[PDB]
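K.L.:
quick one, structure for this:
(one chain, ligands or ions: 2)
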Amino acid sequence: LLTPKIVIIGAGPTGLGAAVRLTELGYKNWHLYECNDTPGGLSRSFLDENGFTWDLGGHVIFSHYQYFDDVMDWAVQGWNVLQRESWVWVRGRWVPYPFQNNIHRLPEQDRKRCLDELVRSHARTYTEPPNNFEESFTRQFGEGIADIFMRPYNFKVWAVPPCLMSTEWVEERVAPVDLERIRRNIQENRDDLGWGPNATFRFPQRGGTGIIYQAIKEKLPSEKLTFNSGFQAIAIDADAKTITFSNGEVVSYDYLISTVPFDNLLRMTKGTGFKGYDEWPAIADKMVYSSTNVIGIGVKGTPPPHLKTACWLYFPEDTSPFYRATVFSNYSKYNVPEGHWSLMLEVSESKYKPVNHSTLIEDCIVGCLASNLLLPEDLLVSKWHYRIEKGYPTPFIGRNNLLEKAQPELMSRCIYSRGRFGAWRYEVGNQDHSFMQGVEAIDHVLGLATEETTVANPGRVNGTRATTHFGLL
Ligand SMILES: Cc1cc2c(cc1C)N(C[C@H](O)[C@H](O)[C@H](O)COP(=O)(O)OP(=O)(O)OC[C@H]1O[C@@H](n3cnc4c(N)ncnc43)[C@H](O)[C@@H]1O)c1[nH]c(=O)[nH]c(=O)c1N2
Ligand SMILES: O=c1ccn([C@@H]2O[C@H](COP(=O)(O)OP(=O)(O)O)[C@@H](O)[C@H]2O)c(=O)[nH]1
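P.N.:
Residues are numbered from 1 along each chain as shown. Ligands and ions are numbered 1, 2, ... in the order given. And now the structure:
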């Protein structure tokens, strides 16, 4: 029985998600193309010349779907399960994540400022909802929390002024505060712990996050996968329904599951009969994102007592260039050579926030010294660096309207643009979301489902847990 030809571009979690579902269904007429030598995309891991494994920034596995959990169990045996121990370095103190719920750990005067400003913003009411993320967190948390944490931290990570960001992506990312709880915490010095979908997470014992997608790759039919730099897609002809690669090859498709960046897709896709086609270049120009610099510092010995069981740490202040540090050796003993530990640092970059790359590593090290991560006597054996051009899809004001101008037109022509940058929706931008966007796209294409829940209803997916199992486990 011959079936429509499905081509997948990209072997990150989204693409592999589509491939896995097809495999589960026993579908035969499909092929996946990837221009990297290795599966995983932004979820790959790297082994440096000194024996240190690196992820591309802190990655931890936590799932909103039974399906993805099953896939993880199926792909990888040997998981470490950890309770999140995450902190914020601010005003000379270690404050438990989330900052806003734990202001009792601030020095007295900062704590008083945070509480008082929180009381004052409770006393202020408004006719209309906030127009942007900054107005939103300022009204919600008060000027104390905003000044000490929300504003400097959010610029430091997003590399975009938060006043240019929308407000509805925050549901599972920005914890709310309760004034009565906060006052009680202050009376009792009682930490407020365990908030959020990654309060518990898991991480592979060996090979970093990338081992997951390597194992997945090895489970799929090898003949249906292509990993080669010549297979970078550089033109989509939607009339002829072909994909032209950088090596000059041309292949046809009935359906295209594209996980390349949405801006890249719009600029390389040509055809007739697309409504609004002439606007595509302006749409692509308006898609806001930040780049991500990953710096891996390998250190002799063992981490200091205050970092013994730390996971990831946040740095709102200008004494460090990185917004986050991960004690990556605490996820697995095998991420480092014996007798060492490691810090994985993240520095954002954009048009609003340029980076001097020639001084970046040394600046990170100076930042570690100033932020209680390293001491002058620490011995550094590895200084790894990796720059991601497209790191975060900014939830910028106007994003949905831009997306709605092209996405339904692409889909009506059998082109499904999905994943972290394929759909450009940060709030469903993690590994489980991405993987499931691939699974769901296949379901839609094959008529098993009438809608794609994850990419279309971020609120629904993150408010519940999907219960359906993965059959190959
Ligand atoms: C700093 C940082 C930190 C985190 C995370 C990201 C980043 C940058 N993530 C998000 C996670 O990385 C993400 O959800 C997935 O990698 C996205 O999956 P995709 O397949 O959508 O994109 P992704 O970028 O992964 O994959 C796309 C693939 O398509 C390929 N491609 C692009 N253009 C092509 C072309 N023209 N031709 C052929 N191939 C092409 C690329 O090479 C790439 O391999 C995360 N998630 C999580 O669950 N927990 C976490 O803690 C984190 N933390
Ligand atoms: O103590 C904190 C730390 C972070 N955030 C917010 O949570 C968002 C998500 O950050 P996180 O490290 O959860 O996600 P990631 O950067 O990995 O996408 C950030 O942009 C912050 O605005 C917060 O409200 N309180």
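K.L.:
partner strands of the longest strand along the chain and their direction?
P.N.:
The strand spanning the most residues in the chain, taking DSSP state E as the definition, is strand 380-393. Based on DSSP bridges, the pairing partners of strand 380-393 within the sheet are strand 289-300 (antiparallel).
K.L.:
touching ligand 2 at all, the partner strand?
P.N.:
No: in terms of CB under 6 Å from any ligand atom, no part of strand 289-300 sits within range of ligand 2; the closest distance is 9.6 Å. Quick note: C-beta positions are derived from backbone N, CA and C, even for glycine.
K.L.:
ok, stretch 169-180 next?
P.N.:
Yes: figure legend: stretch 169-180 in contact with ligand 2 (CB under 6 Å from any ligand atom); contacting residues 173, 174, 175.
K.L.:
any chance of a markdown table for these, columns secondary structure, neighbour count and distance to ligand 1?
P.N.:
Supplementary listing: the residues of stretch 169-180 next to ligand 2 in a markdown table, determined by DSSP: H, G, I helix; E, B strand; the rest coil; neighbours: other CB atoms under 10 Å; distance: CB to the nearest ligand atom, whole Å:
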| residue | secondary structure | neighbour count | distance to ligand 1 |
| --- | --- | --- | --- |
| 173 | coil | 13 | 12 |
| 174 | coil | 18 | 16 |
| 175 | coil | 16 | 17 |
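K.L.:
check contacts around the residue nearest to residue 172 when sequence neighbours are not counted.
P.N.:
For residue 172, ignoring the flanking residues on the chain, the nearest one in space by CB to CB, 6 or more residues apart in numbering is residue 462 at 4.9 Å. With CB atoms under 8 Å, 6 or more residues apart in numbering as the criterion, the residues that contact residue 462 are 64, 171, 172, 197, 427, 428.
K.L.:
do the helix or strand encompassing residue 462 and ligand 1 come into contact?
P.N.:
Assignment of secondary structure by DSSP states H and E places residue 462 within helix 458-463. No: between helix 458-463 and ligand 1, judged by CB under 6 Å from any ligand atom, nothing touches; the nearest distance is 12.5 Å.
K.L.:
could you tell me which residues of the protein lie near ligand 1?
P.N.:
With CB under 6 Å from any ligand atom as the criterion, the chain comes near ligand 1 at residues 9-15, 33-36, 41-43, 56-60, 232-233, 259-260, 292, 346, 388, 391, 419-422, 429-432, 434.
K.L.:
and those, which are buried?
P.N.:
Restricting the residues of the chain next to ligand 1 to buried positions leaves 9-15, 33-36, 41-43, 56-60, 233, 259-260, 292, 346, 388, 391, 419-422, 429-432, 434, with burial counted as 16 or more other CB atoms under 10 Å.
K.L.:
on that earlier part again, scan the contacts of residue 462 and report the most crowded one.
P.N.:
residue 428 (25 neighbours; other CB atoms under 10 Å).
K.L.:
which ones are touching that residue?
P.N.:
In this structure, residue 428 makes contact with 434, 437, 454, 455, 458, 461, 462, judged by CB under 8 Å, 6+ apart.
K.L.:
list buried residues within those residues.
P.N.:
The neighbour-count test (16+ other CB under 10 Å) marks 434, 437, 454, 455, 458, 461, 462 as buried among these.
K.L.:
can I get these in CSV including distance to residue 307?
P.N.:
Listed next are those as CSV, based on distance: CB to CB, whole Å:
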residue, distance to residue 307
434, 30
437, 35
454, 35
455, 38
458, 34
461, 34
462, 31
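K.L.:
beyond the longest strand of the chain, next helix or strand please.
P.N.:
Toward the C-terminal end, the helix or strand that comes next after strand 380-393 (DSSP H and E) is helix 399-411.
K.L.:
helices or strands next to that following helix in the packing?
P.N.:
helix 262-268, helix 280-286, strand 415-417 (3 or more CB pairs under 8 Å, 6 or more residues apart in numbering; DSSP states H and E).
K.L.:
cutoff 7 Å now
P.N.:
Using 3 or more CB pairs under 7 Å, 6 or more residues apart in numbering; DSSP states H and E as the contact criterion, the secondary-structure elements in contact with helix 399-411 are helix 280-286.
K.L.:
please name every helix or strand in contact with the helix it packs on.
P.N.:
Counting by 3+ CB pairs under 7 Å, 6+ apart, helix 280-286 packs on helix 262-268, helix 399-411.
K.L.:
between the last one and strand 380-393, how big is the angle?
P.N.:
It stands for helix 399-411. Here helix 399-411 points in a direction 80 degrees away from that of strand 380-393 (axes from the mean of the first three to the mean of the last three CA atoms, to 10 degrees).
K.L.:
buried residues in stretch 169-185?
P.N.:
Within stretch 169-185, the residues that qualify as buried by neighbour count (16+ other CB under 10 Å) are 169, 170, 172, 174, 175, 177, 182, 185.
K.L.:
same question but for stretch 316-330, I mixed them up
P.N.:
By neighbour count on 16+ other CB under 10 Å, the buried set for stretch 316-330 is 316-317, 320-330.
K.L.:
gap between residue 87 and residue 312?
P.N.:
Residue 87 sits at a distance of 8 Å from residue 312 (criterion: CB to CB, to the nearest Å).
K.L.:
count of neighbours near residue 49?
P.N.:
If you count neighbours by other CB under 10 Å, residue 49 ends up with 7.
K.L.:
in a strand, it, correct?
P.N.:
No: inclusion of residue 49 in a strand is not indicated when DSSP: H, G, I helix; E, B strand; the rest coil is applied; the result is coil.
K.L.:
give me phi/psi at it?
P.N.:
Backbone geometry at residue 49, expressed as degrees, to the nearest 10, gives phi -60, psi -10.
K.L.:
specify the local secondary structure of residue 157.
P.N.:
Under three-state DSSP, residue 157 falls in the helix class.
K.L.:
how about stretch 338-347, does it get close to ligand 2?
P.N.:
No: residues of stretch 338-347 are not located near ligand 2 by CB under 6 Å from any ligand atom, the shortest gap being 8.2 Å.
K.L.:
the buried ones among the residues of the chain next to ligand 1 in helices, which ones?
P.N.:
When DSSP state H is applied, these are split such that 13, 14, 15, 431, 432, 434 fall in helices.
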